[PDB]
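Student: Sending over my_file-v4.txt (compact mmCIF, C-alpha atoms and all ligand atoms).
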```
# COMPACT_ATOMS: atom_id res chain seq x y z
CA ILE G 1 -5.63 -3.25 -36.85
CA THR G 2 -2.97 -3.84 -39.48
CA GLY G 3 -0.41 -1.08 -39.60
CA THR G 4 3.12 -0.16 -38.59
CA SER G 5 4.40 0.19 -35.04
CA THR G 6 4.98 3.79 -33.97
CA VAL G 7 5.86 5.72 -30.80
CA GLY G 8 3.61 8.51 -29.61
CA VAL G 9 4.02 10.90 -26.71
CA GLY G 10 1.46 12.13 -24.25
CA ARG G 11 0.55 13.12 -20.74
CA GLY G 12 -1.12 10.93 -18.16
CA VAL G 13 -3.77 11.68 -15.53
CA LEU G 14 -1.22 13.15 -13.10
CA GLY G 15 0.36 15.40 -15.76
CA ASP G 16 3.48 13.33 -16.42
CA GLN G 17 4.84 12.90 -19.93
CA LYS G 18 5.43 9.39 -21.28
CA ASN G 19 6.02 7.61 -24.58
CA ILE G 20 3.38 5.14 -25.76
CA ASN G 21 3.50 2.36 -28.33
CA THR G 22 0.99 3.06 -31.09
CA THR G 23 0.10 1.73 -34.55
CA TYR G 24 -0.21 3.86 -37.67
CA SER G 25 -2.76 3.17 -40.38
CA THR G 26 -4.35 6.50 -41.47
CA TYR G 27 -4.77 7.30 -37.76
CA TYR G 28 -2.46 6.53 -34.86
CA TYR G 29 -4.13 3.94 -32.65
CA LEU G 30 -3.50 2.96 -29.04
CA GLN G 31 -2.28 -0.45 -30.14
CA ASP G 32 1.07 -1.60 -28.76
CA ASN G 33 2.46 -4.40 -30.94
CA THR G 34 5.65 -4.77 -28.88
CA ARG G 35 4.06 -6.97 -26.19
CA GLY G 36 2.55 -10.36 -26.92
CA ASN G 37 -0.41 -10.23 -29.29
CA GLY G 38 -0.90 -6.57 -28.50
CA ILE G 39 -2.22 -4.10 -25.95
CA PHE G 40 -5.31 -2.25 -27.19
CA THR G 41 -6.97 0.76 -25.54
CA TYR G 42 -10.51 1.86 -26.36
CA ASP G 43 -12.71 4.94 -25.88
CA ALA G 44 -16.03 4.10 -24.18
CA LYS G 45 -17.12 7.76 -24.71
CA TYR G 46 -18.89 8.06 -21.34
CA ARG G 47 -21.20 5.15 -22.22
CA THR G 48 -21.49 1.65 -20.87
CA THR G 49 -21.34 -0.27 -24.19
CA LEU G 50 -18.02 -2.14 -24.37
CA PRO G 51 -15.41 -2.00 -25.57
CA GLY G 52 -16.19 1.15 -27.51
CA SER G 53 -13.90 2.25 -30.33
CA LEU G 54 -10.18 1.52 -30.61
CA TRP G 55 -8.54 4.80 -29.63
CA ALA G 56 -7.67 6.81 -32.73
CA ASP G 57 -5.59 10.00 -32.83
CA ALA G 58 -4.67 12.15 -35.81
CA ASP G 59 -1.09 13.15 -34.86
CA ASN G 60 0.38 10.64 -32.35
CA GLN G 61 0.46 13.31 -29.62
CA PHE G 62 -1.75 12.65 -26.59
CA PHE G 63 -1.70 15.85 -24.51
CA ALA G 64 -5.43 16.64 -24.40
CA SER G 65 -7.21 16.27 -21.09
CA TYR G 66 -9.54 13.70 -22.70
CA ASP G 67 -6.47 11.63 -23.71
CA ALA G 68 -4.95 11.34 -20.23
CA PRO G 69 -6.85 8.26 -18.95
CA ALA G 70 -6.12 6.42 -22.19
CA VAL G 71 -2.40 7.21 -22.05
CA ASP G 72 -2.13 5.74 -18.55
CA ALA G 73 -4.34 2.69 -19.11
CA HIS G 74 -2.24 1.85 -22.18
CA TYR G 75 1.17 2.55 -20.61
CA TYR G 76 0.49 0.87 -17.27
CA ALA G 77 -0.91 -2.22 -19.00
CA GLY G 78 2.49 -2.42 -20.68
CA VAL G 79 4.34 -2.15 -17.37
CA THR G 80 2.13 -4.88 -15.91
CA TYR G 81 2.74 -7.14 -18.92
CA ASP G 82 6.48 -6.58 -18.46
CA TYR G 83 6.30 -7.46 -14.77
CA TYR G 84 4.56 -10.77 -15.39
CA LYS G 85 6.83 -11.69 -18.30
CA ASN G 86 10.15 -10.58 -16.83
CA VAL G 87 9.54 -11.60 -13.20
CA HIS G 88 7.28 -14.66 -13.50
CA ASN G 89 7.88 -15.84 -17.09
CA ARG G 90 4.15 -15.43 -17.74
CA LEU G 91 3.05 -14.25 -21.20
CA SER G 92 -0.04 -12.07 -20.68
CA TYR G 93 -2.95 -13.01 -18.47
CA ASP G 94 -3.62 -16.42 -20.07
CA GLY G 95 0.05 -17.46 -20.37
CA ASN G 96 -0.30 -17.52 -24.17
CA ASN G 97 0.07 -13.82 -24.98
CA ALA G 98 -3.65 -13.01 -25.15
CA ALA G 99 -4.34 -9.51 -26.41
CA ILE G 100 -4.88 -7.10 -23.50
CA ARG G 101 -7.84 -4.78 -23.96
CA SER G 102 -8.88 -1.78 -21.84
CA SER G 103 -11.65 0.82 -22.14
CA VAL G 104 -11.48 4.26 -20.54
CA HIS G 105 -14.12 6.96 -20.10
CA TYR G 106 -16.56 4.25 -18.98
CA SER G 107 -19.90 5.70 -17.89
CA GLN G 108 -20.28 9.08 -16.13
CA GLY G 109 -18.82 9.88 -12.73
CA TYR G 110 -17.93 6.21 -12.36
CA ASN G 111 -15.97 5.57 -9.13
CA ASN G 112 -14.58 2.12 -9.95
CA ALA G 113 -12.61 -0.05 -12.34
CA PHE G 114 -13.05 -3.72 -13.17
CA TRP G 115 -12.23 -6.74 -15.28
CA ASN G 116 -15.48 -7.77 -17.00
CA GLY G 117 -14.42 -11.32 -17.87
CA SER G 118 -12.77 -10.20 -21.12
CA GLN G 119 -11.21 -6.73 -20.71
CA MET G 120 -10.33 -3.98 -18.24
CA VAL G 121 -12.71 -1.06 -17.72
CA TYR G 122 -11.94 2.28 -16.06
CA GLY G 123 -14.23 4.99 -14.83
CA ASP G 124 -13.26 8.64 -14.79
CA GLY G 125 -14.40 9.05 -11.21
CA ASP G 126 -16.58 11.93 -10.05
CA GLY G 127 -13.63 14.17 -9.25
CA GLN G 128 -14.32 13.83 -5.51
CA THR G 129 -13.88 10.17 -4.58
CA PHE G 130 -11.67 9.40 -7.62
CA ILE G 131 -9.98 11.00 -10.59
CA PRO G 132 -9.66 8.74 -13.67
CA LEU G 133 -8.71 5.42 -12.19
CA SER G 134 -6.14 4.35 -14.79
CA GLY G 135 -3.88 7.02 -13.28
CA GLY G 136 -2.95 4.48 -10.60
CA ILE G 137 -0.39 1.89 -11.64
CA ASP G 138 -1.48 -0.27 -8.70
CA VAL G 139 -5.09 0.02 -9.94
CA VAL G 140 -4.21 -1.02 -13.49
CA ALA G 141 -2.14 -3.95 -12.24
CA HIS G 142 -4.93 -4.88 -9.77
CA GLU G 143 -7.34 -5.12 -12.71
CA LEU G 144 -5.09 -7.14 -14.99
CA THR G 145 -4.32 -9.45 -12.08
CA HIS G 146 -8.02 -10.35 -11.87
CA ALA G 147 -7.61 -11.77 -15.40
CA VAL G 148 -4.53 -13.74 -14.26
CA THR G 149 -6.47 -15.11 -11.29
CA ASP G 150 -9.45 -16.03 -13.46
CA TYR G 151 -7.22 -17.99 -15.87
CA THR G 152 -5.31 -19.78 -13.07
CA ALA G 153 -6.73 -20.40 -9.58
CA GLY G 154 -10.17 -19.22 -10.66
CA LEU G 155 -11.08 -17.97 -7.17
CA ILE G 156 -14.84 -17.51 -6.92
CA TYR G 157 -15.67 -13.86 -6.20
CA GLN G 158 -17.39 -14.21 -2.83
CA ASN G 159 -16.58 -14.87 0.82
CA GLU G 160 -13.06 -16.12 1.64
CA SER G 161 -12.09 -17.21 -1.88
CA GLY G 162 -13.19 -13.78 -3.10
CA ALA G 163 -11.17 -11.99 -0.42
CA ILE G 164 -8.14 -14.02 -1.54
CA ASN G 165 -8.93 -13.00 -5.12
CA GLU G 166 -8.96 -9.36 -4.01
CA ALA G 167 -5.76 -9.66 -1.98
CA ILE G 168 -3.95 -11.28 -4.92
CA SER G 169 -4.90 -8.26 -7.03
CA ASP G 170 -3.73 -5.82 -4.31
CA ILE G 171 -0.47 -7.79 -3.75
CA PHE G 172 0.47 -7.89 -7.42
CA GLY G 173 -0.81 -4.37 -7.95
CA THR G 174 1.66 -3.28 -5.28
CA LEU G 175 4.49 -5.43 -6.60
CA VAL G 176 4.01 -3.87 -10.06
CA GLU G 177 4.04 -0.44 -8.45
CA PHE G 178 7.38 -1.34 -6.83
CA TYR G 179 8.65 -2.78 -10.16
CA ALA G 180 8.05 0.57 -11.89
CA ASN G 181 9.61 2.25 -8.81
CA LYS G 182 7.80 5.60 -8.89
CA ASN G 183 6.60 6.58 -5.40
CA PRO G 184 6.02 2.92 -4.43
CA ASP G 185 4.16 2.05 -1.25
CA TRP G 186 1.97 -0.60 0.36
CA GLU G 187 -1.18 1.51 -0.08
CA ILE G 188 -3.83 0.93 -2.77
CA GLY G 189 -5.09 3.63 -5.10
CA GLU G 190 -3.44 6.63 -3.43
CA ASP G 191 -2.59 8.32 -6.76
CA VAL G 192 -6.24 8.55 -7.90
CA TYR G 193 -8.25 8.52 -4.65
CA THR G 194 -9.77 11.67 -3.09
CA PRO G 195 -7.91 14.50 -4.83
CA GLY G 196 -9.02 16.87 -2.08
CA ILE G 197 -7.46 14.79 0.72
CA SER G 198 -3.71 14.21 0.93
CA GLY G 199 -2.10 11.15 2.47
CA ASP G 200 -5.02 8.71 2.24
CA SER G 201 -5.78 5.72 0.05
CA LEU G 202 -8.55 3.26 -0.68
CA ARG G 203 -6.89 0.43 1.28
CA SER G 204 -3.66 -0.05 3.19
CA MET G 205 -1.75 -3.34 3.15
CA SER G 206 0.63 -2.29 5.92
CA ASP G 207 -2.21 -1.22 8.24
CA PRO G 208 -5.60 -2.26 6.81
CA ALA G 209 -7.40 -1.04 9.91
CA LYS G 210 -6.50 2.56 9.04
CA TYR G 211 -9.36 2.40 6.49
CA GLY G 212 -11.58 0.10 8.56
CA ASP G 213 -10.53 -3.24 7.15
CA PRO G 214 -9.62 -6.20 9.36
CA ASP G 215 -6.02 -7.09 10.13
CA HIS G 216 -6.80 -10.35 11.95
CA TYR G 217 -9.13 -13.26 11.21
CA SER G 218 -11.04 -12.67 14.45
CA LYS G 219 -12.17 -9.33 12.96
CA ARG G 220 -13.42 -10.73 9.65
CA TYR G 221 -16.68 -9.52 8.21
CA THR G 222 -19.34 -12.21 8.03
CA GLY G 223 -22.26 -10.34 6.39
CA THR G 224 -23.44 -10.28 2.79
CA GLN G 225 -22.45 -6.80 1.57
CA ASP G 226 -19.65 -6.55 -1.00
CA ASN G 227 -20.00 -10.21 -2.03
CA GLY G 228 -19.36 -11.25 1.55
CA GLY G 229 -16.72 -8.61 2.21
CA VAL G 230 -14.26 -9.32 -0.61
CA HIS G 231 -12.75 -5.79 -0.42
CA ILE G 232 -12.89 -5.86 3.40
CA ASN G 233 -11.55 -9.27 4.40
CA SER G 234 -8.78 -8.87 1.82
CA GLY G 235 -7.12 -6.84 4.58
CA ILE G 236 -6.34 -10.02 6.51
CA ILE G 237 -4.39 -11.50 3.60
CA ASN G 238 -2.88 -8.17 2.57
CA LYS G 239 -1.53 -7.79 6.10
CA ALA G 240 -0.06 -11.30 6.01
CA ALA G 241 1.61 -10.54 2.66
CA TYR G 242 2.98 -7.24 3.99
CA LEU G 243 4.40 -9.05 7.03
CA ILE G 244 6.02 -11.79 4.91
CA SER G 245 7.79 -9.11 2.87
CA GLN G 246 8.57 -6.42 5.43
CA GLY G 247 8.39 -8.17 8.80
CA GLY G 248 6.94 -6.82 12.02
CA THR G 249 5.36 -7.84 15.29
CA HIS G 250 1.58 -7.88 15.00
CA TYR G 251 -0.74 -8.82 17.88
CA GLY G 252 2.42 -9.96 19.65
CA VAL G 253 3.55 -12.36 16.88
CA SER G 254 6.94 -11.56 15.35
CA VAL G 255 7.56 -12.07 11.63
CA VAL G 256 11.00 -11.97 10.02
CA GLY G 257 10.65 -10.24 6.65
CA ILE G 258 12.01 -11.90 3.51
CA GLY G 259 11.45 -9.07 0.99
CA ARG G 260 9.10 -8.29 -1.87
CA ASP G 261 10.69 -10.50 -4.52
CA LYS G 262 10.32 -13.66 -2.45
CA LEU G 263 6.78 -12.65 -1.47
CA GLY G 264 5.94 -12.39 -5.16
CA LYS G 265 7.52 -15.76 -5.98
CA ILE G 266 5.67 -17.49 -3.15
CA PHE G 267 2.27 -15.99 -3.98
CA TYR G 268 2.67 -16.43 -7.75
CA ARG G 269 3.42 -20.11 -7.24
CA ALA G 270 0.55 -20.50 -4.79
CA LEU G 271 -1.85 -18.82 -7.23
CA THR G 272 -0.77 -20.85 -10.25
CA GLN G 273 0.01 -24.25 -8.75
CA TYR G 274 -2.01 -24.75 -5.57
CA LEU G 275 -5.08 -22.55 -5.18
CA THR G 276 -8.45 -23.65 -6.54
CA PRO G 277 -11.71 -21.78 -7.17
CA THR G 278 -13.00 -22.50 -3.64
CA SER G 279 -9.80 -22.07 -1.60
CA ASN G 280 -10.35 -20.52 1.83
CA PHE G 281 -7.85 -18.63 3.98
CA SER G 282 -6.57 -21.78 5.74
CA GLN G 283 -6.02 -23.38 2.34
CA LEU G 284 -4.14 -20.28 1.16
CA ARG G 285 -1.84 -20.61 4.15
CA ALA G 286 -1.18 -24.24 3.21
CA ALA G 287 -0.58 -23.25 -0.43
CA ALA G 288 1.87 -20.52 0.57
CA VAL G 289 3.73 -22.87 2.93
CA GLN G 290 4.02 -25.49 0.20
CA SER G 291 5.09 -22.91 -2.38
CA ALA G 292 7.81 -21.57 -0.08
CA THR G 293 8.88 -25.15 0.63
CA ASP G 294 9.19 -25.88 -3.11
CA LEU G 295 11.19 -22.70 -3.72
CA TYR G 296 13.39 -22.46 -0.62
CA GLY G 297 13.26 -25.73 1.32
CA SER G 298 11.32 -26.99 4.33
CA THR G 299 13.88 -25.69 6.85
CA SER G 300 14.18 -22.26 5.24
CA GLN G 301 13.59 -18.87 6.79
CA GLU G 302 11.07 -18.25 4.01
CA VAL G 303 8.83 -21.13 5.13
CA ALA G 304 9.15 -20.09 8.79
CA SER G 305 8.18 -16.50 7.93
CA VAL G 306 5.11 -17.57 5.95
CA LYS G 307 3.91 -19.50 9.00
CA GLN G 308 4.63 -16.58 11.36
CA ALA G 309 2.74 -14.13 9.12
CA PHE G 310 -0.38 -16.28 8.91
CA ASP G 311 -0.16 -16.89 12.69
CA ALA G 312 0.04 -13.11 13.21
CA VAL G 313 -3.27 -12.61 11.36
CA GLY G 314 -4.96 -15.58 13.07
CA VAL G 315 -5.11 -17.94 10.06
CA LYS G 316 -4.24 -21.58 10.80
CA CA B 1 -3.44 14.09 -30.81
CA CA B 2 2.47 5.05 -4.76
CA CA B 3 0.10 2.14 -4.13
CA CA B 4 -6.44 11.44 -1.64
ZN ZN B 5 -10.45 -6.19 -7.38
```
Spell out the structure here as structure tokens.
Ligand SMILES: [Ca+2]
Ligand SMILES: [Ca+2]
Ligand SMILES: [Ca+2]
Ligand SMILES: [Ca+2]
Ligand SMILES: [Zn+2]

Tutor:
Amino acid sequence: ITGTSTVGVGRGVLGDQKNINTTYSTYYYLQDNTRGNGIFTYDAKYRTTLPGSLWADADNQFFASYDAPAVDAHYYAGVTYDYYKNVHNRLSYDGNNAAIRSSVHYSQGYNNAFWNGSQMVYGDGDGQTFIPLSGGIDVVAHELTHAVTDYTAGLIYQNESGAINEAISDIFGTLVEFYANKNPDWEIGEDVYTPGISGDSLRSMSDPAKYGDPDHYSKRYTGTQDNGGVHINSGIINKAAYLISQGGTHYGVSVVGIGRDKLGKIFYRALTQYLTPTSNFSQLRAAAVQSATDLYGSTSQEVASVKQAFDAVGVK
């Protein structure tokens, strides 16, 4: 909407206070004009018709319980935009500052979040498996990264290409979580998953097997559930990414870590310059090796560590 840029204040899902960029025109809207062609947050009002209505508020204060998922979807979309722009010189998900749209309060008891081809969508959870999912910065960045993937490599959402797609979203979700630097970890969704259980998460990148996901290609899922295991086999690539960054010895294979920033550079370049819609795990390894070669040189530690990490997870 046309209006003037304003700054509201509110509380997110976890009770933390934050400022949010809004727009004033009769109401204060969750419309951040400071980033690209805007970040827009919508109320789906417990229904499944999207996007719903652009979030309107009478006083620019967002402290009601109903406001909390909107505050966090809006704010964390901004952090994710800043990560891609400042770290990778990428302007929004399409590279051309496309408007970023999110809807919260999607459906009833909805234990998921997704990119629908055009926008992000967040359930509130059922209060048992999840609380409102936009409370996780890694979740928000995971969702926006699906849009980045779709505009770039275009990885088809099934089997190995789909597990790469998933891992890319978990990798960049985690790197955004580290960028914001509030309780960062290599776990996925811990801030919104299972409020009655402390210390767990939806997935682990450092130890995928803790939540039943494979950490080696010889343990990959080969069935048809979950689009051929896209949220399961992502553990193999997540583990490789974790090893590239942090190092370790895994199934007897030692990996020298090179740190998160170089991980992000290597995987961003692989995603945007080398991967294709049908890339498989072996082709991701080749893309990562080539990306590290471009960035750091064929004889570099970075290239050697990429190879060690993929060896450690059984991907040749
Ligand atoms: Ca208000
Ligand atoms: Ca965390
Ligand atoms: Ca996390
Ligand atoms: Ca929990
Ligand atoms: Zn996903």

Student: Report as an MDAnalysis selection string all protein, DNA and RNA residues lying within 8 Å of residue G:308, evaluated on only C-alpha atoms, omitting residues in the same chain fewer than 4 positions from it.

Tutor: chainID G and resid 253:256 304 312

Student: What is the atom CA of residue G:99 to atom CA of residue G:63 distance in Å?

Tutor: 25.6 Å

Student: Kindly list the centre and edge lengths in Å, rounded to one decimal, for the axis-aligned box that covers all listed atoms of stretch 217-231 of chain G plus 6 Å on each of its six sides, as lines of an AutoDock Vina configuration file.

Tutor:
```
center_x = -16.3
center_y = -9.5
center_z = 6.2
size_x = 26.3
size_y = 19.5
size_z = 28.5
```

Student: Which is closest to residue G:56 among G:24, G:106, G:178, G:81, if we use all atoms listed in the file?

Tutor: G:24

Student: Could you please determine the separation between atom CA of residue G:271 and atom CA of residue G:91 in Å, to one decimal place?

Tutor: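 Atom CA of residue G:91 lies 15.5 Å from atom CA of residue G:271.
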
Student: Can you rebuild stretch 172-196 of chain G with N, CA, C and O atoms and give it as a PDB file, in the frame of the given file?

Tutor:
```pdb
ATOM      1  N   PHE G 172      -0.226  -8.096  -6.150  1.00  0.00           N
ATOM      2  CA  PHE G 172       0.470  -7.890  -7.420  1.00  0.00           C
ATOM      3  C   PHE G 172       0.336  -6.466  -7.933  1.00  0.00           C
ATOM      4  O   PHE G 172       1.265  -5.960  -8.568  1.00  0.00           O
ATOM      5  N   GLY G 173      -0.759  -5.780  -7.625  1.00  0.00           N
ATOM      6  CA  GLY G 173      -0.810  -4.370  -7.950  1.00  0.00           C
ATOM      7  C   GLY G 173       0.329  -3.600  -7.298  1.00  0.00           C
ATOM      8  O   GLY G 173       0.996  -2.765  -7.921  1.00  0.00           O
ATOM      9  N   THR G 174       0.573  -3.894  -6.030  1.00  0.00           N
ATOM     10  CA  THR G 174       1.660  -3.280  -5.280  1.00  0.00           C
ATOM     11  C   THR G 174       3.022  -3.708  -5.798  1.00  0.00           C
ATOM     12  O   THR G 174       3.931  -2.886  -5.900  1.00  0.00           O
ATOM     13  N   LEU G 175       3.202  -4.992  -6.097  1.00  0.00           N
ATOM     14  CA  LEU G 175       4.490  -5.430  -6.600  1.00  0.00           C
ATOM     15  C   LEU G 175       4.796  -4.804  -7.964  1.00  0.00           C
ATOM     16  O   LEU G 175       5.955  -4.489  -8.239  1.00  0.00           O
ATOM     17  N   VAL G 176       3.782  -4.596  -8.808  1.00  0.00           N
ATOM     18  CA  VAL G 176       4.010  -3.870 -10.060  1.00  0.00           C
ATOM     19  C   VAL G 176       4.364  -2.421  -9.787  1.00  0.00           C
ATOM     20  O   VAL G 176       5.261  -1.859 -10.428  1.00  0.00           O
ATOM     21  N   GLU G 177       3.698  -1.801  -8.820  1.00  0.00           N
ATOM     22  CA  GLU G 177       4.040  -0.440  -8.450  1.00  0.00           C
ATOM     23  C   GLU G 177       5.506  -0.356  -8.002  1.00  0.00           C
ATOM     24  O   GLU G 177       6.233   0.573  -8.392  1.00  0.00           O
ATOM     25  N   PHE G 178       5.971  -1.319  -7.194  1.00  0.00           N
ATOM     26  CA  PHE G 178       7.380  -1.340  -6.830  1.00  0.00           C
ATOM     27  C   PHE G 178       8.289  -1.601  -8.039  1.00  0.00           C
ATOM     28  O   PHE G 178       9.372  -1.019  -8.138  1.00  0.00           O
ATOM     29  N   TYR G 179       7.867  -2.473  -8.965  1.00  0.00           N
ATOM     30  CA  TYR G 179       8.650  -2.780 -10.160  1.00  0.00           C
ATOM     31  C   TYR G 179       8.898  -1.512 -10.973  1.00  0.00           C
ATOM     32  O   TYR G 179      10.011  -1.277 -11.428  1.00  0.00           O
ATOM     33  N   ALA G 180       7.880  -0.674 -11.148  1.00  0.00           N
ATOM     34  CA  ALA G 180       8.050   0.570 -11.890  1.00  0.00           C
ATOM     35  C   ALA G 180       8.848   1.591 -11.078  1.00  0.00           C
ATOM     36  O   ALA G 180       9.496   2.479 -11.639  1.00  0.00           O
ATOM     37  N   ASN G 181       8.774   1.501  -9.753  1.00  0.00           N
ATOM     38  CA  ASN G 181       9.610   2.250  -8.810  1.00  0.00           C
ATOM     39  C   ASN G 181       9.407   3.757  -8.858  1.00  0.00           C
ATOM     40  O   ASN G 181      10.350   4.521  -8.666  1.00  0.00           O
ATOM     41  N   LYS G 182       8.175   4.193  -9.043  1.00  0.00           N
ATOM     42  CA  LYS G 182       7.800   5.600  -8.890  1.00  0.00           C
ATOM     43  C   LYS G 182       6.850   5.756  -7.689  1.00  0.00           C
ATOM     44  O   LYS G 182       5.714   5.258  -7.707  1.00  0.00           O
ATOM     45  N   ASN G 183       7.339   6.392  -6.646  1.00  0.00           N
ATOM     46  CA  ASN G 183       6.600   6.580  -5.400  1.00  0.00           C
ATOM     47  C   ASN G 183       5.937   5.292  -4.906  1.00  0.00           C
ATOM     48  O   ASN G 183       4.741   5.291  -4.604  1.00  0.00           O
ATOM     49  N   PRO G 184       6.680   4.176  -4.812  1.00  0.00           N
ATOM     50  CA  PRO G 184       6.020   2.920  -4.430  1.00  0.00           C
ATOM     51  C   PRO G 184       5.691   2.894  -2.949  1.00  0.00           C
ATOM     52  O   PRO G 184       6.384   3.486  -2.126  1.00  0.00           O
ATOM     53  N   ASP G 185       4.625   2.185  -2.620  1.00  0.00           N
ATOM     54  CA  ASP G 185       4.160   2.050  -1.250  1.00  0.00           C
ATOM     55  C   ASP G 185       3.319   0.781  -1.157  1.00  0.00           C
ATOM     56  O   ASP G 185       3.098   0.075  -2.145  1.00  0.00           O
ATOM     57  N   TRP G 186       2.846   0.508   0.057  1.00  0.00           N
ATOM     58  CA  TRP G 186       1.970  -0.600   0.360  1.00  0.00           C
ATOM     59  C   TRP G 186       0.521  -0.147   0.532  1.00  0.00           C
ATOM     60  O   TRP G 186      -0.263  -0.809   1.215  1.00  0.00           O
ATOM     61  N   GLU G 187       0.168   0.978  -0.072  1.00  0.00           N
ATOM     62  CA  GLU G 187      -1.180   1.510  -0.080  1.00  0.00           C
ATOM     63  C   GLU G 187      -1.795   1.253  -1.450  1.00  0.00           C
ATOM     64  O   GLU G 187      -1.077   1.065  -2.430  1.00  0.00           O
ATOM     65  N   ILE G 188      -3.125   1.223  -1.517  1.00  0.00           N
ATOM     66  CA  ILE G 188      -3.830   0.930  -2.770  1.00  0.00           C
ATOM     67  C   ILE G 188      -4.600   2.159  -3.235  1.00  0.00           C
ATOM     68  O   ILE G 188      -5.497   2.655  -2.536  1.00  0.00           O
ATOM     69  N   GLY G 189      -4.296   2.611  -4.448  1.00  0.00           N
ATOM     70  CA  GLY G 189      -5.090   3.630  -5.100  1.00  0.00           C
ATOM     71  C   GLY G 189      -4.781   5.057  -4.725  1.00  0.00           C
ATOM     72  O   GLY G 189      -5.509   5.962  -5.150  1.00  0.00           O
ATOM     73  N   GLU G 190      -3.730   5.294  -3.951  1.00  0.00           N
ATOM     74  CA  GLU G 190      -3.440   6.630  -3.430  1.00  0.00           C
ATOM     75  C   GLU G 190      -3.302   7.685  -4.531  1.00  0.00           C
ATOM     76  O   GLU G 190      -3.558   8.869  -4.281  1.00  0.00           O
ATOM     77  N   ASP G 191      -2.854   7.313  -5.734  1.00  0.00           N
ATOM     78  CA  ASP G 191      -2.590   8.320  -6.760  1.00  0.00           C
ATOM     79  C   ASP G 191      -3.862   8.853  -7.397  1.00  0.00           C
ATOM     80  O   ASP G 191      -3.821   9.908  -8.028  1.00  0.00           O
ATOM     81  N   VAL G 192      -4.986   8.146  -7.264  1.00  0.00           N
ATOM     82  CA  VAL G 192      -6.240   8.550  -7.900  1.00  0.00           C
ATOM     83  C   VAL G 192      -7.380   8.742  -6.919  1.00  0.00           C
ATOM     84  O   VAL G 192      -8.445   9.162  -7.335  1.00  0.00           O
ATOM     85  N   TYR G 193      -7.192   8.446  -5.641  1.00  0.00           N
ATOM     86  CA  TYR G 193      -8.250   8.520  -4.650  1.00  0.00           C
ATOM     87  C   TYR G 193      -8.274   9.908  -4.006  1.00  0.00           C
ATOM     88  O   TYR G 193      -7.235  10.459  -3.638  1.00  0.00           O
ATOM     89  N   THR G 194      -9.486  10.457  -3.855  1.00  0.00           N
ATOM     90  CA  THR G 194      -9.770  11.670  -3.090  1.00  0.00           C
ATOM     91  C   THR G 194      -8.773  12.790  -3.371  1.00  0.00           C
ATOM     92  O   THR G 194      -7.898  13.109  -2.536  1.00  0.00           O
ATOM     93  N   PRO G 195      -8.867  13.427  -4.531  1.00  0.00           N
ATOM     94  CA  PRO G 195      -7.910  14.500  -4.830  1.00  0.00           C
ATOM     95  C   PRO G 195      -7.924  15.630  -3.816  1.00  0.00           C
ATOM     96  O   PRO G 195      -6.912  16.314  -3.664  1.00  0.00           O
ATOM     97  N   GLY G 196      -9.004  15.819  -3.074  1.00  0.00           N
ATOM     98  CA  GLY G 196      -9.020  16.870  -2.080  1.00  0.00           C
ATOM     99  C   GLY G 196      -8.444  16.509  -0.727  1.00  0.00           C
ATOM    100  O   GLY G 196      -8.388  17.367   0.159  1.00  0.00           O
TER     101      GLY G 196
END
```
